[PDB]
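Shown next, in structure tokens, is the structure this report addresses.
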Amino acid sequence: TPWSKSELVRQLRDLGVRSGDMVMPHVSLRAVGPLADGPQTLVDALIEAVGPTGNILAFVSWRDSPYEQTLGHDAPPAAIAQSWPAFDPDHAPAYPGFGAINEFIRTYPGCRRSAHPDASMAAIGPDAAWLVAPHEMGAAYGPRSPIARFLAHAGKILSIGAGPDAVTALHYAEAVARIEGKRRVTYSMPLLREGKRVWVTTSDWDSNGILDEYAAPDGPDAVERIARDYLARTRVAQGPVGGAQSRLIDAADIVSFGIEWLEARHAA
Ligand SMILES: NC[C@H]1O[C@H](O[C@H]2[C@H](O)[C@@H](O[C@H]3O[C@H](CO)[C@@H](O)[C@H](N)[C@H]3O)[C@H](N)C[C@@H]2N)[C@H](N)C[C@@H]1O
Ligand SMILES: [Mg+2]
């Protein structure tokens, strides 16, 4: 029997989501199982659970981000540069690999979208505009990003069947960790500025592993290692949402733990 919105809302309440909360979801729709009206049922349930004063923030990215195609170059390669679509926050689809729910979130009426094409974040609620801007190239997940503001806004990370690798906020810990050997990447994104496409090349922390030992293609990366340790060490509300084992994590606490975890293991 497909899960109804009301059932999901009651499950979210049982897990500890309260009216007014600031929630960042990471969802495995396969784990959740069939929904009465598809993924929108869970989006609607999340919005109802946080209520009209609550907020949702999601890391949605962009289906067509030219990350791999520009990585490591000081400028976009010529063929990429000529024909790639500029990122248009109103129309650019979300990246499927971070969750199929994200396209439903980003298309929800009133959703706001951040300007960073690769790190794009979507937000719903009264504080959405404050969450999503600024979001500048060179500030993907660290200071001055939407994640930074989420962490200052009592954020909760709602993992619905997602693994420990899924915790985007822990890229903030990587950004600020006082450790030697941190990896950086250079890439280029096509932005709209006053209606025109402008290529911007930037560097930022490597979000595929902050040190060499965390940068294997298949992992585990530092986010996964930190989150697994944290979850083995901390009381965290656990329970079902749909068919999915879910957890509700204090974001500031896990990020503080992650900064300490990295700094304990790696010389300054
Ligand atoms: N390195 C291992 C991890 O790789 C992925 O996550 C990571 C993604 O690969 C990162 O994505 C970035 O790198 C990928 C891969 O090149 C690009 O497709 C993407 N546009 C770009 O944003 C994203 N910015 C952060 C995320 N933690 C897996 N989802 C989880 C895994 O633990
Ligand atoms: Mg408020």
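Naming works like this for the structure tokens: A, B, ... for the chains as they're shown, residue 1 at the start of each chain, ligands 1 onward in shown order.
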
Once you count only C-alpha atoms and all ligand atoms, what closest atom pair and distance in Å to one decimal does each residue of chain A within 9 Å of ligand 1 have, with rows by chain and rising residue number, as CSV?
residue,atom,partner,partner_atom_place_in_ligand_line,distance
A:61,CA,ligand 1,22 (O),6.9
A:62,CA,ligand 1,20 (N),7.2
A:63,CA,ligand 1,20 (N),8.0
A:64,CA,ligand 1,20 (N),8.1
A:65,CA,ligand 1,20 (N),5.5
A:66,CA,ligand 1,20 (N),7.2
A:67,CA,ligand 1,20 (N),5.2
A:68,CA,ligand 1,16 (O),5.4
A:71,CA,ligand 1,16 (O),8.5
A:95,CA,ligand 1,20 (N),7.8
A:97,CA,ligand 1,29 (N),6.9
A:98,CA,ligand 1,29 (N),6.4
A:117,CA,ligand 1,20 (N),8.8
A:118,CA,ligand 1,22 (O),5.2
A:119,CA,ligand 1,22 (O),6.1
A:140,CA,ligand 1,24 (N),8.2
A:141,CA,ligand 1,24 (N),8.5
A:163,CA,ligand 1,30 (C),8.7
A:164,CA,ligand 1,32 (O),8.0
A:165,CA,ligand 1,32 (O),4.3
A:166,CA,ligand 1,30 (C),6.1
A:167,CA,ligand 1,27 (N),7.3
A:168,CA,ligand 1,27 (N),5.9
A:170,CA,ligand 1,27 (N),8.7
A:171,CA,ligand 1,27 (N),7.4
A:206,CA,ligand 1,24 (N),8.1
A:207,CA,ligand 1,25 (C),4.8
A:208,CA,ligand 1,1 (N),3.7
A:209,CA,ligand 1,1 (N),5.5
A:214,CA,ligand 1,1 (N),7.5
A:215,CA,ligand 1,1 (N),6.0
A:216,CA,ligand 1,1 (N),6.9
A:217,CA,ligand 1,1 (N),5.9
A:218,CA,ligand 1,2 (C),5.9
A:219,CA,ligand 1,2 (C),5.0
A:220,CA,ligand 1,32 (O),5.8
A:221,CA,ligand 1,2 (C),5.1
A:222,CA,ligand 1,32 (O),8.0
A:223,CA,ligand 1,32 (O),6.8
A:224,CA,ligand 1,32 (O),6.0

- [ ] Dump the neighbourhood of ligand 2 as number ranges by chain: all residues within 10 Å, distances computed on only C-alpha atoms and all ligand atoms.
- [x] A: 20-22, 52-55, 125-128, 153

Pick from A:79, A:46, A:94, A:158, whichever lies nearest to residue 239 (chain A) using only C-alpha atoms: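 Closest candidate: A:158.
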
Closest of A:114, A:70, A:82, A:246 to residue 187 (chain A), counting only C-alpha atoms, is A:70

DSSP strand (DSSP E or B) residues within region 44-205 of chain A, as an MDAnalysis selection string: chainID A and resid 55:59 112:113 121:124 156:161 184:193 196:205

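In this comparison, which uses only C-alpha atoms, the residue of A:84, A:210, A:179, A:58 approaching residue 147 (chain A) most closely is A:58.
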
_as a count of residues only, please: every residue in region 236-265 of chain A that DSSP puts in helix (DSSP H, G or I)._
15

Worksheet item: Near residue 200 (chain A), counting only C-alpha atoms, which residues have an atom at most 9 Å away, once you skip same-chain residues fewer than 2 positions from it, shown as a ChimeraX atom specification?
Response: /A:75-76,137,187-191,198,202

Please identify all polymer residues within 8 Å of residue 173 (chain A), counting only C-alpha atoms, omitting same-chain residues fewer than 6 positions from it, and present them as an mmCIF file with N, CA, C and O atoms, in the first residue's frame.
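Wrote it out as result10.cif, contents follow:
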data_model
loop_
_atom_site.group_PDB
_atom_site.id
_atom_site.type_symbol
_atom_site.label_atom_id
_atom_site.label_comp_id
_atom_site.auth_asym_id
_atom_site.auth_seq_id
_atom_site.Cartn_x
_atom_site.Cartn_y
_atom_site.Cartn_z
ATOM 1 N N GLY A 142 31.736 25.862 1.838
ATOM 2 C CA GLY A 142 32.414 26.393 2.983
ATOM 3 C C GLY A 142 31.838 27.702 3.476
ATOM 4 O O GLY A 142 30.663 28.027 3.257
ATOM 5 N N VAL A 255 29.132 18.749 12.113
ATOM 6 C CA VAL A 255 30.205 19.507 11.475
ATOM 7 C C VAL A 255 31.313 19.818 12.470
ATOM 8 O O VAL A 255 32.497 19.692 12.147
ATOM 9 N N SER A 256 30.955 20.223 13.695
ATOM 10 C CA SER A 256 31.963 20.449 14.727
ATOM 11 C C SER A 256 32.759 19.173 14.996
ATOM 12 O O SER A 256 33.993 19.207 15.143
ATOM 13 N N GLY A 258 33.250 16.796 12.852
ATOM 14 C CA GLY A 258 34.091 16.544 11.689
ATOM 15 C C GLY A 258 35.343 17.394 11.639
ATOM 16 O O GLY A 258 36.411 16.920 11.227
ATOM 17 N N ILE A 259 35.242 18.660 12.043
ATOM 18 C CA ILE A 259 36.422 19.523 12.129
ATOM 19 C C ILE A 259 37.417 18.927 13.120
ATOM 20 O O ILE A 259 38.606 18.781 12.842
#

key: Interatomic distance, CA of residue 24 (chain A) to CA of residue 169 (chain A) (Å, one decimal)   =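 Value for the CA of residue 24 (chain A)-CA of residue 169 (chain A) distance: 9.0 Å.
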
Spatial neighbours of residue 161 (chain A), 8 Å, only C-alpha atoms, chain gap at least 3 places, as a list in words = residues 26, 27, 28, 29, 31, 32, 244, 245 and 246 of chain A

**OP:** Could you jot down the CA of residue 72 (chain A) to CA of residue 196 (chain A) separation for me, Å, one decimal place?
**Re:**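 Those two atoms sit 24.6 Å apart.
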
Could I get the residues of region 222-258 of chain A with an atom no further than 9 Å from an atom of region 7-10 of chain A, each paired with its nearest atom pair and that distance in Å to one decimal, using only C-alpha atoms, sorted by chain and residue number, as JSON lines?
{"residue": "A:240", "atom": "CA", "partner": "A:8", "partner_atom": "CA", "distance": 8.9}
{"residue": "A:241", "atom": "CA", "partner": "A:8", "partner_atom": "CA", "distance": 6.1}
{"residue": "A:242", "atom": "CA", "partner": "A:8", "partner_atom": "CA", "distance": 6.3}

Calculate how many Å separate CA of residue 225 (chain A) from CA of residue 253 (chain A), rounding to one decimal.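 Straight-line distance from CA of residue 225 (chain A) to CA of residue 253 (chain A) works out to 15.7 Å.
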
Using only C-alpha atoms, determine which residues lie at most 7 Å from residue 19 (chain A), disregarding the query and same-chain residues fewer than 4 positions distant; provide the list as a PyMOL selection string.
-> chain A and resi 49-51+54
